[PDB]
file data-v3.pdb (PDB, N, CA and C atoms and all ligand atoms)
ATOM      1  N   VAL A   1      -5.340   4.202   5.652
ATOM      2  CA  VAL A   1      -6.413   3.374   5.062
ATOM      3  C   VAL A   1      -6.844   2.312   6.055
ATOM      4  N   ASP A   2      -7.978   1.695   5.785
ATOM      5  CA  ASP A   2      -8.506   0.654   6.642
ATOM      6  C   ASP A   2      -7.687  -0.617   6.497
ATOM      7  N   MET A   3      -7.772  -1.471   7.498
ATOM      8  CA  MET A   3      -7.063  -2.732   7.480
ATOM      9  C   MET A   3      -8.060  -3.880   7.383
ATOM     10  N   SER A   4      -9.205  -3.590   6.794
ATOM     11  CA  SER A   4     -10.245  -4.583   6.613
ATOM     12  C   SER A   4     -10.113  -5.208   5.230
ATOM     13  N   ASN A   5      -9.734  -4.386   4.258
ATOM     14  CA  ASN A   5      -9.591  -4.848   2.881
ATOM     15  C   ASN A   5      -8.187  -5.384   2.607
ATOM     16  N   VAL A   6      -7.296  -5.214   3.572
ATOM     17  CA  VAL A   6      -5.916  -5.675   3.439
ATOM     18  C   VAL A   6      -5.810  -7.164   3.783
ATOM     19  N   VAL A   7      -4.852  -7.852   3.174
ATOM     20  CA  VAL A   7      -4.611  -9.254   3.485
ATOM     21  C   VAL A   7      -3.170  -9.460   3.957
ATOM     22  N   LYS A   8      -2.261  -8.621   3.474
ATOM     23  CA  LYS A   8      -0.858  -8.720   3.845
ATOM     24  C   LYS A   8      -0.244  -7.338   3.959
ATOM     25  N   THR A   9       0.435  -7.088   5.053
ATOM     26  CA  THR A   9       1.103  -5.819   5.253
ATOM     27  C   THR A   9       2.568  -6.034   5.610
ATOM     28  N   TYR A  10       3.451  -5.447   4.819
ATOM     29  CA  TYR A  10       4.878  -5.574   5.053
ATOM     30  C   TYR A  10       5.406  -4.337   5.763
ATOM     31  N   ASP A  11       6.330  -4.539   6.686
ATOM     32  CA  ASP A  11       6.992  -3.430   7.349
ATOM     33  C   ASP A  11       8.243  -3.051   6.582
ATOM     34  N   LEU A  12       8.326  -1.790   6.205
ATOM     35  CA  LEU A  12       9.415  -1.316   5.374
ATOM     36  C   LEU A  12      10.580  -0.799   6.213
ATOM     37  N   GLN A  13      11.798  -1.006   5.711
ATOM     38  CA  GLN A  13      13.011  -0.506   6.369
ATOM     39  C   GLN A  13      13.005   1.016   6.425
ATOM     40  N   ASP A  14      12.233   1.607   5.526
ATOM     41  CA  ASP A  14      12.097   3.055   5.440
ATOM     42  C   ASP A  14      11.281   3.600   6.608
ATOM     43  N   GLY A  15      10.545   2.721   7.264
ATOM     44  CA  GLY A  15       9.695   3.147   8.353
ATOM     45  C   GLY A  15       8.253   3.272   7.923
ATOM     46  N   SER A  16       8.021   3.081   6.634
ATOM     47  CA  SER A  16       6.677   3.081   6.089
ATOM     48  C   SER A  16       6.089   1.678   6.161
ATOM     49  N   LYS A  17       4.862   1.528   5.696
ATOM     50  CA  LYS A  17       4.176   0.259   5.801
ATOM     51  C   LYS A  17       3.248   0.083   4.610
ATOM     52  N   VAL A  18       3.367  -1.025   3.913
ATOM     53  CA  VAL A  18       2.569  -1.231   2.722
ATOM     54  C   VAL A  18       1.434  -2.192   3.022
ATOM     55  N   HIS A  19       0.216  -1.740   2.803
ATOM     56  CA  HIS A  19      -0.942  -2.560   3.092
ATOM     57  C   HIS A  19      -1.432  -3.178   1.798
ATOM     58  N   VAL A  20      -1.077  -4.428   1.589
ATOM     59  CA  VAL A  20      -1.434  -5.130   0.374
ATOM     60  C   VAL A  20      -2.788  -5.786   0.560
ATOM     61  N   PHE A  21      -3.743  -5.346  -0.224
ATOM     62  CA  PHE A  21      -5.116  -5.744  -0.037
ATOM     63  C   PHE A  21      -5.405  -7.055  -0.759
ATOM     64  N   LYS A  22      -6.597  -7.581  -0.535
ATOM     65  CA  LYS A  22      -6.961  -8.928  -0.966
ATOM     66  C   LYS A  22      -6.911  -9.103  -2.484
ATOM     67  N   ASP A  23      -7.134  -8.025  -3.225
ATOM     68  CA  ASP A  23      -7.085  -8.087  -4.687
ATOM     69  C   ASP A  23      -5.658  -8.340  -5.176
ATOM     70  N   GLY A  24      -4.687  -8.079  -4.312
ATOM     71  CA  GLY A  24      -3.298  -8.241  -4.686
ATOM     72  C   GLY A  24      -2.631  -6.909  -4.925
ATOM     73  N   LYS A  25      -3.430  -5.852  -4.901
ATOM     74  CA  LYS A  25      -2.911  -4.501  -5.028
ATOM     75  C   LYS A  25      -2.494  -3.988  -3.666
ATOM     76  N   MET A  26      -1.485  -3.142  -3.640
ATOM     77  CA  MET A  26      -0.902  -2.714  -2.379
ATOM     78  C   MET A  26      -1.031  -1.220  -2.192
ATOM     79  N   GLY A  27      -1.562  -0.825  -1.052
ATOM     80  CA  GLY A  27      -1.690   0.576  -0.752
ATOM     81  C   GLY A  27      -0.491   1.077   0.006
ATOM     82  N   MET A  28       0.246   1.966  -0.621
ATOM     83  CA  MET A  28       1.432   2.531  -0.021
ATOM     84  C   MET A  28       1.052   3.597   0.992
ATOM     85  N   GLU A  29       1.438   3.383   2.235
ATOM     86  CA  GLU A  29       1.099   4.299   3.301
ATOM     87  C   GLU A  29       2.178   4.224   4.359
ATOM     88  N   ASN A  30       2.081   5.043   5.376
ATOM     89  CA  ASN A  30       2.959   4.883   6.510
ATOM     90  C   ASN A  30       2.264   3.997   7.536
ATOM     91  N   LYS A  31       2.998   3.536   8.537
ATOM     92  CA  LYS A  31       2.441   2.601   9.527
ATOM     93  C   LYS A  31       1.290   3.206  10.328
ATOM     94  N   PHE A  32       1.172   4.522  10.296
ATOM     95  CA  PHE A  32       0.102   5.204  11.009
ATOM     96  C   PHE A  32      -1.171   5.235  10.172
ATOM     97  N   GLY A  33      -1.028   4.994   8.875
ATOM     98  CA  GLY A  33      -2.165   5.006   7.984
ATOM     99  C   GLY A  33      -2.411   6.372   7.392
ATOM    100  N   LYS A  34      -1.349   7.152   7.250
ATOM    101  CA  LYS A  34      -1.451   8.442   6.595
ATOM    102  C   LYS A  34      -0.996   8.319   5.157
ATOM    103  N   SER A  35      -1.808   8.852   4.262
ATOM    104  CA  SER A  35      -1.604   8.701   2.826
ATOM    105  C   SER A  35      -0.204   9.150   2.423
ATOM    106  N   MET A  36       0.574   8.205   1.924
ATOM    107  CA  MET A  36       1.938   8.463   1.519
ATOM    108  C   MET A  36       2.127   8.009   0.079
ATOM    109  N   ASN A  37       2.401   8.973  -0.776
ATOM    110  CA  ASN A  37       2.421   8.758  -2.215
ATOM    111  C   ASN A  37       3.807   8.353  -2.694
ATOM    112  N   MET A  38       3.847   7.398  -3.609
ATOM    113  CA  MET A  38       5.104   6.907  -4.144
ATOM    114  C   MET A  38       4.998   6.643  -5.641
ATOM    115  N   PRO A  39       5.950   7.181  -6.416
ATOM    116  CA  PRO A  39       6.040   6.948  -7.859
ATOM    117  C   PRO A  39       6.604   5.565  -8.185
ATOM    118  N   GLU A  40       6.658   5.242  -9.468
ATOM    119  CA  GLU A  40       7.160   3.948  -9.909
ATOM    120  C   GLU A  40       8.689   3.902  -9.893
ATOM    121  N   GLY A  41       9.231   2.738  -9.554
ATOM    122  CA  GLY A  41      10.662   2.538  -9.609
ATOM    123  C   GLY A  41      11.304   2.560  -8.241
ATOM    124  N   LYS A  42      10.503   2.848  -7.229
ATOM    125  CA  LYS A  42      10.998   2.921  -5.863
ATOM    126  C   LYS A  42      11.115   1.526  -5.253
ATOM    127  N   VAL A  43      12.273   1.234  -4.686
ATOM    128  CA  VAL A  43      12.525  -0.060  -4.068
ATOM    129  C   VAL A  43      12.095  -0.062  -2.604
ATOM    130  N   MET A  44      11.062  -0.834  -2.302
ATOM    131  CA  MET A  44      10.618  -1.018  -0.927
ATOM    132  C   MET A  44      11.164  -2.324  -0.381
ATOM    133  N   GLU A  45      12.157  -2.246   0.485
ATOM    134  CA  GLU A  45      12.696  -3.444   1.098
ATOM    135  C   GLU A  45      12.044  -3.671   2.457
ATOM    136  N   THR A  46      11.423  -4.834   2.612
ATOM    137  CA  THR A  46      10.738  -5.182   3.850
ATOM    138  C   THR A  46      11.748  -5.527   4.942
ATOM    139  N   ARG A  47      11.261  -5.800   6.149
ATOM    140  CA  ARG A  47      12.134  -6.188   7.255
ATOM    141  C   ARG A  47      12.765  -7.556   6.992
ATOM    142  N   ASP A  48      12.284  -8.227   5.951
ATOM    143  CA  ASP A  48      12.819  -9.521   5.548
ATOM    144  C   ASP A  48      14.023  -9.325   4.643
ATOM    145  N   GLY A  49      14.139  -8.127   4.087
ATOM    146  CA  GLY A  49      15.111  -7.888   3.044
ATOM    147  C   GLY A  49      14.501  -8.139   1.681
ATOM    148  N   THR A  50      13.178  -8.077   1.632
ATOM    149  CA  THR A  50      12.434  -8.333   0.410
ATOM    150  C   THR A  50      12.226  -7.047  -0.368
ATOM    151  N   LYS A  51      12.751  -7.009  -1.581
ATOM    152  CA  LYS A  51      12.644  -5.841  -2.421
ATOM    153  C   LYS A  51      11.378  -5.881  -3.260
ATOM    154  N   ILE A  52      10.481  -4.958  -2.980
ATOM    155  CA  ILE A  52       9.259  -4.814  -3.746
ATOM    156  C   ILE A  52       9.230  -3.442  -4.411
ATOM    157  N   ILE A  53       9.286  -3.429  -5.732
ATOM    158  CA  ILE A  53       9.308  -2.183  -6.483
ATOM    159  C   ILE A  53       7.898  -1.685  -6.759
ATOM    160  N   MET A  54       7.640  -0.452  -6.356
ATOM    161  CA  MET A  54       6.410   0.235  -6.714
ATOM    162  C   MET A  54       6.344   0.382  -8.231
ATOM    163  N   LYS A  55       5.484  -0.385  -8.881
ATOM    164  CA  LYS A  55       5.364  -0.311 -10.331
ATOM    165  C   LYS A  55       4.055   0.360 -10.716
ATOM    166  N   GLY A  56       3.882   0.622 -12.008
ATOM    167  CA  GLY A  56       2.680   1.281 -12.511
ATOM    168  C   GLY A  56       1.401   0.510 -12.228
ATOM    169  N   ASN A  57       1.548  -0.688 -11.693
ATOM    170  CA  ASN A  57       0.413  -1.510 -11.310
ATOM    171  C   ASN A  57       0.120  -1.383  -9.820
ATOM    172  N   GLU A  58       0.928  -0.603  -9.112
ATOM    173  CA  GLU A  58       0.860  -0.578  -7.656
ATOM    174  C   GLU A  58       0.964   0.833  -7.068
ATOM    175  N   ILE A  59       1.257   1.839  -7.889
ATOM    176  CA  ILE A  59       1.567   3.170  -7.355
ATOM    177  C   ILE A  59       0.342   3.876  -6.766
ATOM    178  N   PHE A  60      -0.746   3.921  -7.517
ATOM    179  CA  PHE A  60      -1.870   4.765  -7.148
ATOM    180  C   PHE A  60      -3.026   3.957  -6.559
ATOM    181  N   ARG A  61      -2.866   2.645  -6.499
ATOM    182  CA  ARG A  61      -3.929   1.771  -6.014
ATOM    183  C   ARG A  61      -4.160   1.955  -4.515
ATOM    184  N   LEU A  62      -5.031   2.904  -4.181
ATOM    185  CA  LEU A  62      -5.354   3.225  -2.798
ATOM    186  C   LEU A  62      -6.400   4.333  -2.745
ATOM    187  N   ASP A  63      -6.113   5.421  -3.449
ATOM    188  CA  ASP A  63      -6.943   6.630  -3.408
ATOM    189  C   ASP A  63      -8.370   6.364  -3.870
ATOM    190  N   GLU A  64      -8.513   5.486  -4.851
ATOM    191  CA  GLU A  64      -9.816   5.188  -5.436
ATOM    192  C   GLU A  64     -10.788   4.654  -4.384
ATOM    193  N   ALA A  65     -10.257   3.924  -3.411
ATOM    194  CA  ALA A  65     -11.070   3.362  -2.339
ATOM    195  C   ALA A  65     -11.385   4.418  -1.289
ATOM    196  N   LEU A  66     -10.512   5.409  -1.192
ATOM    197  CA  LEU A  66     -10.631   6.453  -0.189
ATOM    198  C   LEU A  66     -11.714   7.459  -0.571
ATOM    199  N   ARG A  67     -12.200   7.348  -1.801
ATOM    200  CA  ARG A  67     -13.189   8.279  -2.330
ATOM    201  C   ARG A  67     -14.594   7.919  -1.859
ATOM    202  N   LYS A  68     -14.708   6.785  -1.182
ATOM    203  CA  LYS A  68     -15.988   6.315  -0.668
ATOM    204  C   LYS A  68     -15.727   5.346   0.484
ATOM    205  N   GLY A  69     -16.569   4.332   0.645
ATOM    206  CA  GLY A  69     -16.319   3.342   1.674
ATOM    207  C   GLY A  69     -17.537   3.011   2.516
ATOM    208  N   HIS A  70     -18.543   2.400   1.899
ATOM    209  CA  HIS A  70     -19.695   1.904   2.640
ATOM    210  C   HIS A  70     -20.442   0.834   1.850
ATOM    211  N   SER A  71     -21.291   1.260   0.923
ATOM    212  CA  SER A  71     -22.124   0.331   0.176
ATOM    213  C   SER A  71     -21.386  -0.172  -1.061
ATOM    214  N   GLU A  72     -21.362   0.665  -2.099
ATOM    215  CA  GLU A  72     -20.646   0.376  -3.341
ATOM    216  C   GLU A  72     -21.115  -0.926  -3.988
ATOM    217  N   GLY A  73     -22.197  -0.834  -4.750
ATOM    218  CA  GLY A  73     -22.701  -1.984  -5.475
ATOM    219  C   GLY A  73     -22.405  -1.881  -6.956
ATOM    220  N   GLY A  74     -21.653  -0.850  -7.318
ATOM    221  CA  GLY A  74     -21.302  -0.618  -8.703
ATOM    222  C   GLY A  74     -22.170   0.449  -9.332
TER     223      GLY A  74
HETATM  224 CU    CU B   1       5.883   1.947  -2.577
END

call {"tool": "encode", "arguments": {"input": "data-v3.pdb", "output": "structure tokens", "more": "lines below"}}
Ligand SMILES: [Cu+]
result
Amino acid sequence: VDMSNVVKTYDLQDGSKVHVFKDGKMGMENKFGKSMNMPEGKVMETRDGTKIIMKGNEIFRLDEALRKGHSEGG
């Protein structure tokens, strides 16, 4: 995914990378930006030792943006 809509990205001990966008929703991906899908209940520990659980509010928030990406006025 793009890193234009992201505001915070954590590096995961798993080797993946979560791009948390400005809305507060986080797009689960790998550090290369290849779509990596994750269900709810998964513990993502950052390089800080910060445990962030993929919840039903965070699992699929990514694909919807990938369906377009230019104008979008509603
Ligand atoms: Cu995740």

call {"tool": "closest_residue", "arguments": {"input": "data-v3.pdb", "among": "A:11, A:58, A:48, A:23", "to": "ligand CU 1 (chain B)", "atoms": "only C-alpha atoms and all ligand atoms"}}
result
A:58

call {"tool": "residues_around", "arguments": {"input": "data-v3.pdb", "residues": "residue 20 of chain A", "least_positions_apart": "4", "cutoff": "8 Å", "atoms": "only N, CA and C atoms", "output": "list in words"}}
result
residues 5, 6, 7, 8, 9, 10, 24, 25, 26, 27 and 28 of chain A

call {"tool": "atom_distance", "arguments": {"input": "data-v3.pdb", "atom1": "atom CA of residue 13 of chain A", "atom2": "atom CA of residue 67 of chain A"}}
result
29.0 Å

call {"tool": "resolve_selection", "arguments": {"input": "data-v3.pdb", "expression": "the PyMOL selection byres (((not hetatm)) within 6 of (chain B and resi 1))", "output": "MDAnalysis selection string"}}
result
chainID A and resid 28 38 42 44 53:54

call {"tool": "atom_distance", "arguments": {"input": "data-v3.pdb", "atom1": "atom N of residue 50 of chain A", "atom2": "atom N of residue 31 of chain A"}}
result
16.9 Å

call {"tool": "closest_residue", "arguments": {"input": "data-v3.pdb", "among": "A:68, A:62, A:56, A:45", "to": "residue 19 of chain A", "atoms": "only C-alpha atoms"}}
result
A:62

call {"tool": "atom_distance", "arguments": {"input": "data-v3.pdb", "atom1": "atom CA of residue 52 of chain A", "atom2": "atom CA of residue 34 of chain A"}}
result
19.9 Å

call {"tool": "select_by_dssp", "arguments": {"input": "data-v3.pdb", "residues": "chain A", "states": "strand (DSSP E or B)", "output": "list in words"}}
result
residues 6, 7, 8, 9, 10, 11, 12, 16, 17, 18, 19, 20, 21, 26, 27, 28, 29, 30, 35, 43, 44, 45, 46, 51, 52 and 53 of chain A

call {"tool": "axis_aligned_box", "arguments": {"input": "data-v3.pdb", "around": "segment 34-38 of chain A", "padding_each_side": "8 Å", "output": "JSON"}}
result
{"center_x": 1.6, "center_y": 7.9, "center_z": 0.8, "size_x": 22.9, "size_y": 18.5, "size_z": 28.9}

call {"tool": "select_by_dssp", "arguments": {"input": "data-v3.pdb", "residues": "chain A", "states": "alpha helix (DSSP H)", "output": "list in words"}}
result
residues 63, 64, 65 and 66 of chain A

call {"tool": "resolve_selection", "arguments": {"input": "data-v3.pdb", "expression": "the PyMOL selection byres (((chain A and resi 2 and name CA) around 10) and not hetatm and name CA)", "output": "PyMOL selection string"}}
result
chain A and resi 1+3-6+19+21+33+65-66+69
